[PDB]
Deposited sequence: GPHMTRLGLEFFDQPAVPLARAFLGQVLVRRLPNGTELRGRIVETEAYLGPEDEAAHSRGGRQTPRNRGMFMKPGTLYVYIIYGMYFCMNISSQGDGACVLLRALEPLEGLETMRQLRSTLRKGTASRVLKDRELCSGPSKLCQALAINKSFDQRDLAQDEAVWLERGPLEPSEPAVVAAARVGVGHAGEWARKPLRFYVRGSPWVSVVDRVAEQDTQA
């Protein structure tokens, strides 16, 4: 096989917007306790800018017991429970209270384990339903709160390997964020034409 490295501090240490864009095409890897490796290529992200960003948990520089990952070194995971039953996986970027939400993956390896984790553990699921959402991907990759405040550059259960297929400048759609002035600002980024994206913005494309 190929000599496989992992993306380190050099990659994670950049402003939220650049990082959110740079994530596109990269491959998120999860190794389960049973030895099974799961792989998914990132196709959709969101940038949360910090104290000025009225949609971010760090708005006005607010630091709570929950959002501490956002104020820790670039690469630190911020995993929180939303709607009492779902997880959102964020990665701290460079900049006070700034992070990036992972929204969607193209599933590449371990799809049958993903389908079990998505259906057998809670509530035939098509391949498109596996990772097409921030909380869907957390379920499919077995991400929960025990992953909160871990370092994505150093952790032996979850890492980021560099992807062979990365989009260039014109292939990236900058659109409004999902479920959030700061509601309308284009801080969501996804691969144009990808069937694995959670929500298509047909207005921000045309």
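*Asks:* Which parts of the deposited sequence have no C-alpha atoms in the model?
*Replies:* Missing C-alpha atoms (numbering from 1) occur across the ranges 124-128, 186-189, 216-219.
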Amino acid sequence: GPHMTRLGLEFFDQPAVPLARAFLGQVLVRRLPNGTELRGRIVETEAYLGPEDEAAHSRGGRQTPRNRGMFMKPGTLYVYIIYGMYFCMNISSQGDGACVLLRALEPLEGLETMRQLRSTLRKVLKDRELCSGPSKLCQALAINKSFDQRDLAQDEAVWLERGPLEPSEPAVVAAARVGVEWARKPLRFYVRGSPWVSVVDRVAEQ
From here on, numbers count along this sequence of modelled residues.
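*Asks:* How about residue 168: is it missing in a third or more of the other compared entries?
*Replies:* Yes: coordinates for residue 168 absent from at least a third of the compared entries.
*Asks:* Any chance residue 131 is unbuilt in a third or more of the other entries we compared?
*Replies:* Residue 131: modelled in every other compared entry.
*Asks:* Would you determine, from the values in the PDB entry, which of 21-29 and 187-195 has the greater average C-alpha temperature factor?
*Replies:* On average, C-alpha B-factors are higher across 187-195.
*Asks:* Averaging CA B factors per stretch from the PDB record, which one is higher: 112-120 or 96-104?
*Replies:* It is 112-120 that shows the higher mean C-alpha B-factor.
*Asks:* Determine which member of 142, 174, 152, 49 has the highest CA B-factor, using the values in the deposited entry.
*Replies:* Checking the PDB record, the top C-alpha B-factor among 142, 174, 152, 49 is at 174.
*Asks:* Between 157, 42, 70, 180, which carries the biggest CA temperature factor in the record?
*Replies:* Comparing C-alpha B-factors across 157, 42, 70, 180, the maximum falls on 180.
*Asks:* Going by the recorded CA B-factors, say which third of the chain residue 137 sits in, lowest, middle or highest.
*Replies:* Ranked within chain, residue 137 CA B lands in the lowest tercile.
*Asks:* State the tercile, meaning the lowest, middle or highest third, of residue 131 with respect to the CA B-factors recorded for its chain.
*Replies:* As the PDB entry reports it, the C-alpha B-factor of residue 131 lands in the middle third of its chain.
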